[PDB]
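Encoded as structure tokens, the following chain is the form deposited in one PDB entry, with no partner shown.
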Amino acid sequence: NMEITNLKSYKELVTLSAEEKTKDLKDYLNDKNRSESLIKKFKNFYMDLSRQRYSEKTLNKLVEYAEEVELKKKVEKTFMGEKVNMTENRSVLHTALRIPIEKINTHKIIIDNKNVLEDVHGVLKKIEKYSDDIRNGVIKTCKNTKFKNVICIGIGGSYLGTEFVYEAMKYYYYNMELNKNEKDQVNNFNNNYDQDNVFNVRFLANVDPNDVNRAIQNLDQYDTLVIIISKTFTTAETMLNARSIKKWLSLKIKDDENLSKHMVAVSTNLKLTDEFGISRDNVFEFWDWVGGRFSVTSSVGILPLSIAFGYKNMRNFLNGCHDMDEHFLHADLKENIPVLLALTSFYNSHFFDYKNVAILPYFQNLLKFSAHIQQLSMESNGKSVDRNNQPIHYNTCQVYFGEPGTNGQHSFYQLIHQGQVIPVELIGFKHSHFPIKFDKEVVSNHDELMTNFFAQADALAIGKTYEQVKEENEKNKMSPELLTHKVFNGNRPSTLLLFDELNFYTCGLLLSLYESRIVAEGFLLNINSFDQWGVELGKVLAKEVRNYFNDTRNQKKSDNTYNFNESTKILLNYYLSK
């Protein structure tokens, strides 16, 4: 009945943050001991939390807040399969999806007198066989050839995770695997990208027919495999696109048995998949306890990604997710990397009113990561009601955005440096997927990229005072009244994630890091990270407009009665005019 804002540890953070606002990051960053403590190590990476507006004592108080909210107990309940999604009375078991086969019995999770891991591995073995058959040409097209194209039909959670992993991993797969490039082997300009096992993967998400146009461009139905991805199998957009692509396939494929060879589905709904006409062997199910934004580790991602890259690569991705899941569950709070990332976020949002998060990966191949983190974070934590079902008014999820570095530096870093304070989350690697270096160059292209990774973090934290600007004006000679424009106040926070390499295992580590961070933060915020009641009103209202459009376009009436406001009426009139 009392809110998290009333806990002793919450009230202490209010006091400590007030003192922290008076302190500079410049002073903290000159303490070697604080740096050595705020730089956390893992086998594959470093998480540098030193450019955060806290002393080690304040961080210890954030850890004390996590204990008071019983974060460990809550995370454990989630992993155990307890019904922690309280508004839907459902389990949250995306972590089960990546438990390896050797642990099927030791790490068993019982839901309705059945070990869920048996269902998990049943589908994974099914994906492994199917993807191997497509890649070996055992499962062929209606014209008895090897499939070349894959159209994934799905929106939100049914494609965002998948496309992030796809885009992140495609060049590692093409370069290190198909082209056999060794790590740090430079200027691989002779690499071949038009070869066997290079699949043309397309994501059809929007109901806008322009997205169908993009999906089908230069594509032959005869070479195309269609994967319909939908948890519910009712989503207005996915289903209109699923029907549209079937009709598109039907333009060339005339026999139903041959058409069946070109269509596969991923859902929790066996009835609706059959009603669509997808064969039982062509349905790769997942379960209700898998939230859409936590679904990439299920058939949602594992099916298209294993076709594209091979199952073995996807098994290593699952292994990475699992190792990070194990760290999340077992590590003490004070040394739990996702927990400390969640606490930092919670601290900035609550105690400094920093209501934005910039996801800035210094890796072009991570161009689809932010779009995934946007759903995972905003749809989970963009809540108004607490776990005690009480409407709350304190800060919930921040607004997430970002572009890969260095791109963002020439777009919106101007604002991150001199406008509103926006905590940044920087992600970097020690190695490239496509190393470049020329003898005349001062640095390798990857190093050039990385100079920015380190520099931006420092520029944000330290700034440049009026006095330093005045000093550098002795040579520049700008009209002295204009010098205020060149001041950088500093004290702008950043986290640095530095991994060694972006391989399938590390990509899984990165995914679980964020999934774990969001789960931890939801419990810190005392909200349900697992529901999405906020998307319902817009669906209801759009069905009314759909019926109105059908009545109006067909110059007729129906059983539906419409009560559109004065503005909607004017714009609908213009919209439906010749």
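Take the two forms, find the largest set of C-alpha atoms that superpose within 1.5 Å, and that set is the rigid core. One-based numbering along the sequence shown.
- As listed in the deposited structure, the average C-alpha B-factor of 133-141 and of 155-163 is greater for 133-141.
- Taking the PDB entry as given, 556-564 carries the higher mean Cα B factor of the two stretches 16-24 and 556-564.
- Based on the entry's C-alpha B-factors, the most elevated value among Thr238, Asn210, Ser479, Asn491 belongs to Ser479.
- Of the candidates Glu128, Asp447, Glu326, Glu425, it is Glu128 whose Cα B-factor is highest according to the PDB record.
- Ranked against the other modelled residues of its chain, the C-alpha B-factor of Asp48 as given in the entry falls in the lowest third.
- Looking at the C-alpha B-factors along this chain, the one for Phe523 belongs to the lowest third.
- Split the chain's modelled residues into thirds by C-alpha temperature factor. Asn550 is in the middle one.
- Per the PDB record, residue ranking by Cα B-factor puts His94 in the lowest third of the chain.
- In this PDB entry, the Cα temperature factor of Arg315 sits in the middle third of its chain's modelled residues.
Keep in mind the form deposited in another entry is missing from the figure; the text below concerns it.
- Measuring CA movement between the shown form and the other one with the rigid core aligned, the set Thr396, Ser244, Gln364, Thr268 has one residue at 2 Å or more: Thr268.
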